[PDB]
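To start, the structure itself, in structure tokens.
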Protein chains: 2
Amino acid sequence: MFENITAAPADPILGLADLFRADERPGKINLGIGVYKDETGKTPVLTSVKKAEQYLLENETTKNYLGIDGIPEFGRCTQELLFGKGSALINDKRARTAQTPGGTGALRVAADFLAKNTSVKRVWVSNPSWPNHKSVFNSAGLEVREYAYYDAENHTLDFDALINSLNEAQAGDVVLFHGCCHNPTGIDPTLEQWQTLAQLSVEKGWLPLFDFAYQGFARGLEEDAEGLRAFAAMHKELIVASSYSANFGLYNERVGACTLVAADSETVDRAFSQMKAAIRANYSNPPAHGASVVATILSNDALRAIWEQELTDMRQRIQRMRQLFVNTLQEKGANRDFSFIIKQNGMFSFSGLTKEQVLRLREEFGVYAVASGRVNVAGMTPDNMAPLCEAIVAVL
Amino acid sequence: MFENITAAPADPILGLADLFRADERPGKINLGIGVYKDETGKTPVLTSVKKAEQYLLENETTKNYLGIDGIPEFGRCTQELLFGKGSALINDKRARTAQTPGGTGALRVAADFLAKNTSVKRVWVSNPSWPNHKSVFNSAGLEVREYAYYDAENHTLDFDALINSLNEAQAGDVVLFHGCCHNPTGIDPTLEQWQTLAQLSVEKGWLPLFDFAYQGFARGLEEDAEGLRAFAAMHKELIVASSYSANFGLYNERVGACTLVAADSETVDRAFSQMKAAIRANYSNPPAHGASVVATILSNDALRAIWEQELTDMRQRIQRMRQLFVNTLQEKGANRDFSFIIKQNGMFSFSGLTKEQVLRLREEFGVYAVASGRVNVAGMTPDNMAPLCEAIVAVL
Ligand SMILES: Cc1ncc(COP(=O)(O)O)c(CN)c1O
Ligand SMILES: Cc1ncc(COP(=O)(O)O)c(CN)c1O
């Protein structure tokens with residue numbers, strides 16, 4: 001009985017997946033990508049990293065087990081890059097980070113850490129979200145709530161439905177708040193707004209989650225750990241989950257990490273000690289290839305300088321490309337102020353296609369959306385601009 | 001509240017850990033290692049793999065997300081090497097394997113796969129075990145039982161306490177039975193013995209777990225997937241968990257995989273589909289560096305031939321070294337037939353040190369055991385033989 005009467009299906013990420021090249025033709029693109037891509041639409045390897053995969057093929061003297069907390073060089077710049085550089089919060093000794101098989105893999109380690117030590121029973125998320133989010137958050141029974149910004153039409157943040165939809169539950173409760181701007185809505189609380197809700201993370205109670213994948217890829221690097229920081233010399237307890245998978249040409253090989261923080265180097269050596277057990281049951285100690293090629297890039301000024309331009313570029317085209325989609329419709333389409341997209345950050349963003357508009361594209365079209373209205377501006381190109389600009393019209 | 005009144009400590013694997021080089025001196029060795037090591041006691045990188053880490057530094061064209069089931073070349077030889085080569089069970093289409101962050105990381109994915117689909121509430125293990133075993137098996141509430149061989153004195157398998165301690169519970173129940181010979185007792189049911197209990201996995205009910213790390217490293221490669229197979233054209237349902245981490249100079253970077261098998265390519269496309277969700281919440285898709293450097297070694301006759309001698313050698317010294325410890329005591333010690341060790345396989349094996357004998361070594365000795373009587377014959381050398389042969393006497 002691993003056999004009969006099961007049940008079965010689909011992460012709404014197959015959502016185009018294969019069915020995309022399926023039928024064979026000018027497939028615009030499954031704008032609904034899990035990734036960046038160039039004015040070529042190749043998800044490259046980078047260099048900076050390649051530049052280091054040599055360095056470790058050169059001196060990788062062994063390959064013995066790794067501690068269940070990876071490596072804190074990976075850890076210290078993780079640290080340094082989150083909280084930021086100078087904070088003696090860093091040398092307050094009051095946050096630790098283990099290595100973790102990136103993104104979604106650090107949030108689940110958060111979940112059983114959190115079933116224990118923590119007397120929590122839930123996490124309120126955000127509507128719309130990341131659909132693996134309510135899933136790696138159901139792990140320790142823990143059910144998710146849906147707080148509520150992005151109320152649409154001016155596709156812009158309902159501070160309102162939020163503080164409100166938010167304020168709503170219990171002290172011992174967990175919110176989840178991703179770094180800058182969003183999946184599926186490269187949206188956001190500005191400074192004063194981040195600023196606004198922390199006075200509220202505070203007395204209300206809460207305690208922040210903080211999914212931070214995409215970090216400084218959707219922002220110049222900097223408004224990013226402000227997003228977070230602002231909510232940091234403000235708190236007392238928090239849990240940040242990160243992932244270098246995107247921002248580094250790193251996935252495949254699971255990279256980022258989970259960081260615990262408290263007021264006491266006593267309280268955090270402690271909570272962390274149990275956390276180091278959440279892990280010990282999953283994978284027992286990290287996918288090491290990753291950490292290394294990230295500690296290295298990160299601890300090399302020559303190498304860190306190759307990487308940082310690579311990232312910078314990578315931004316160029318989501319700041320830049322984002323614009324494009326819009327003038328082209330300013331020159332065809334012509335049914336709305338598609339401005340939003342242009343300045344509404346990240347490589348993700350939803351649109352006015354009541355699904356049905358989008359079941360449509362797939363068609364004797366060959367456009368591939370995410371039946372939520374979400375497109376990876378990342379799959380949008382110089383070459384596609386055009387047709388994809390014209391796919392849509394007839395769709396309205 | 002991620003802060004006060006927690007709880008906290010120690011996987012009984014720190015058990016020497018650091019405290020070993022601690023005090024500074026002729027440290028014999030923390031015979032209680034998590035790994036192999038040479039007549040040097042360096043846990044090398046190999047070559048064969050190194051030979052391929054070049055091949056992928058050469059053609060690693062991208063590095064996009066990996067499917068949540070890794071790669072089935074990794075998968076097909078995983079397959080082929082488990083069940084074995086020829087079985088059209090293979091082309092019965094009736095077992096699938098996902099990639100997984102090795103060993104302990106495939107057994108936990110087994111656990112939540114198994115909470116679902118499966119209406120199971122427990123796994124009976126083996127006494128003595130692998131202490132992360134009852135831990136990555138408590139995940140989905142699921143508590144572990146302790147079945148019971150290795151009754152001691154002739155340190156050899158109690159078929160008896162077993163079939164018996166075994167037969168004991170319920171149909172819908174899970175046993176766990178590691179591949180050949182053991183941690184901490186490179187022990188074992190011979191062929192007829194493996195042979196014996198399957199007639200019993202069968203009508204009794206059960207359904208095998210099968211932790212298979214160490215595979216063909218403790219045996220010439222071959223009696224190994226016999227261990228398993230014997231129990232294979234015999235069953236109907238099973239769950240095998242593997243790890244190339246040892247046998248390949250691969251850990252650090254989490255490698256092996258979890259394999260589901262059924263009678264129907266219908267039933268197994270199905271159970272697997274849900275299994276592909278256990279995972280989707282943990283790490284979301286595998287530590288890819290691993291699979292690749294293992295599919296490659298495995299699909300290259302030139303390269304597979306470098307690796308297979310590397311493994312062969314690697315055996316040489318557990319067949320060979322195992323002997324050694326014994327004649328040396330045949331020439332000093334002289335208080336028992338320490339034969340057992342010599343032929344009682346793997347790189348692990350327990351001894352007649354009521355702990356206390358071993359709290360002892362640590363001493364104005366500098367020997368480091370595992371306070372269970374377990375020593376990694378793997379840490380035993382030409383050079384150490386000697387002193388370590390003489391550490392013990394005074395211990396008795
Ligand atoms: C909000 C969010 N969280 C977590 C992840 C996890 O991704 P990864 O594990 O590769 O970083 C993603 C992936 N894009 C994401 O969008
Ligand atoms: C019985 C057993 N099971 C699982 C593991 C997991 O190890 P790994 O994840 O590196 O293969 C080990 C490690 N030696 C083990 O001994």
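Every chain in the structure tokens takes a letter, A first, then B, and so on in the order presented; its residues are numbered from 1, and the ligands are numbered from 1 following the presented order.
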So that each row is one residue of chain B with an atom at most 6 Å from chain A, can you give its shortest atom pair and the distance in Å to one decimal, using only C-alpha atoms, rows by chain and rising number, as a tab-separated table?
```
residue	atom	partner	partner_atom	distance
B:1	CA	A:118	CA	5.9
B:2	CA	A:118	CA	5.1
B:3	CA	A:267	CA	5.6
B:6	CA	A:117	CA	5.5
B:8	CA	A:274	CA	5.4
B:43	CA	A:62	CA	5.6
B:44	CA	A:62	CA	4.3
B:45	CA	A:62	CA	4.5
B:62	CA	A:44	CA	4.3
B:63	CA	A:45	CA	5.8
B:64	CA	A:252	CA	5.9
B:65	CA	A:252	CA	4.5
B:66	CA	A:252	CA	4.9
B:101	CA	A:283	CA	5.5
B:104	CA	A:284	CA	5.7
B:105	CA	A:283	CA	3.6
B:108	CA	A:282	CA	5.6
B:117	CA	A:6	CA	5.5
B:118	CA	A:2	CA	5.1
B:135	CA	A:281	CA	6.0
B:136	CA	A:281	CA	4.3
B:251	CA	A:65	CA	5.3
B:252	CA	A:65	CA	4.5
B:253	CA	A:287	CA	4.0
B:254	CA	A:287	CA	5.2
B:267	CA	A:3	CA	5.6
B:273	CA	A:8	CA	5.6
B:274	CA	A:8	CA	5.4
B:281	CA	A:136	CA	4.3
B:282	CA	A:105	CA	4.9
B:283	CA	A:105	CA	3.6
B:284	CA	A:104	CA	5.7
B:287	CA	A:253	CA	4.0
B:288	CA	A:253	CA	4.7
B:289	CA	A:253	CA	5.8
```
ask   = Which residues, written as a PyMOL selection string, have at least one atom at most 12 Å from residue 124 (chain B), with only C-alpha atoms counted and residues fewer than 2 positions away on the same chain left out?
value = chain B and resi 120-122+126-129+133-134+137-138+142-148+162+165-170+172-177+206-210
Expected file contents, prior selection, C-alpha atoms, as a compact mmCIF listing (two decimals), in the first residue's frame:
```txt
# COMPACT_ATOMS: atom_id res chain seq x y z
CA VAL B 120 1.41 3.81 7.58
CA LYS B 121 2.22 4.86 11.15
CA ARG B 122 5.62 3.29 11.71
CA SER B 126 17.26 -2.36 13.76
CA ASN B 127 19.18 -2.27 17.04
CA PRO B 128 21.87 -0.85 16.89
CA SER B 129 21.12 1.63 14.13
CA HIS B 133 17.44 7.15 11.24
CA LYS B 134 14.94 7.34 14.14
CA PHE B 137 11.70 8.96 10.71
CA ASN B 138 9.98 10.91 13.42
CA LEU B 142 5.84 8.24 12.41
CA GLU B 143 7.67 6.55 15.30
CA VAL B 144 10.26 3.92 14.77
CA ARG B 145 10.43 0.45 16.29
CA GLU B 146 13.61 -1.55 17.17
CA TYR B 147 13.67 -5.13 15.69
CA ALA B 148 16.88 -6.90 17.12
CA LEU B 162 14.93 -10.73 14.81
CA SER B 165 11.31 -9.24 17.43
CA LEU B 166 10.33 -8.70 13.84
CA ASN B 167 7.33 -10.82 13.04
CA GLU B 168 5.82 -9.05 16.09
CA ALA B 169 3.80 -6.10 14.60
CA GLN B 170 1.17 -5.11 12.05
CA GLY B 172 0.61 -1.88 7.32
CA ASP B 173 4.03 -1.28 8.97
CA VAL B 174 7.47 -0.39 7.59
CA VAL B 175 10.72 -2.21 8.21
CA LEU B 176 13.99 -0.64 7.24
CA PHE B 177 16.68 -2.88 5.87
CA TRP B 206 5.62 -5.39 5.89
CA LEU B 207 7.09 -3.65 2.81
CA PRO B 208 10.86 -2.97 2.86
CA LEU B 209 12.56 0.34 3.33
CA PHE B 210 16.16 -0.33 2.35
```
request  = Write out as JSON, numbers by chain all residues of region 39-280 of chain A that DSSP puts in helix (DSSP H, G or I) for this structure's backbone.
outcome  = {"A": [50, 51, 52, 53, 55, 56, 57, 58, 72, 73, 74, 75, 76, 77, 78, 79, 80, 81, 82, 104, 105, 106, 107, 108, 109, 110, 111, 112, 113, 114, 115, 159, 160, 161, 162, 163, 164, 165, 166, 167, 191, 192, 193, 194, 195, 196, 197, 198, 199, 200, 201, 202, 203, 204, 224, 225, 226, 227, 228, 229, 265, 266, 267, 268, 269, 270, 271, 272, 273, 274, 275, 276, 277, 278, 279, 280]}
inquiry  = Which residues are close to region 219-225 of chain B, i.e. within 6 Å by only C-alpha atoms, leaving aside same-chain residues fewer than 3 positions away? Reply as a list in words.
reply    = residues 82, 180, 216, 228 and 229 of chain B
ask   = When you draw a straight line from CA of residue 182 (chain A) to CA of residue 319 (chain A), how long is it in Å?
value =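 Computing it gives 14.9 Å between the two atoms.
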Exercise: region 17-26 of chain B partners within 10 Å, only C-alpha atoms, chain neighbours under 5 positions left out, as a PyMOL selection string = chain B and resi 12+32-34+362+364-368+370+384+387
query = Separation of CA of residue 97 (chain B) and atom 3 (N, counted along the ligand's line) of ligand 1, in Å?
reply =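 These two atoms are separated by 25.8 Å.
Between CA of residue 311 (chain B) and CA of residue 247 (chain B) lies a distance of 6.5 Å.
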request  = Rank A:298, A:241, A:14, A:326 by their smallest atom-to-atom distance to ligand 1, using only C-alpha atoms and all ligand atoms, and report the top residue only.
outcome  =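 Among the listed residues, the smallest separation from ligand 1 belongs to A:241.
Across A:30, A:299, A:354, A:323, the tightest approach to residue 77 (chain A) is made by A:299 when counting only C-alpha atoms.
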query = For ligand 1, which residue out of A:330, A:242, A:372, A:259 is the nearest one, using only C-alpha atoms and all ligand atoms?
reply = A:242
key: Among listed residues B:218, B:389, B:29, B:295, nearest residue 16 (chain B) (using only C-alpha atoms)   = B:29
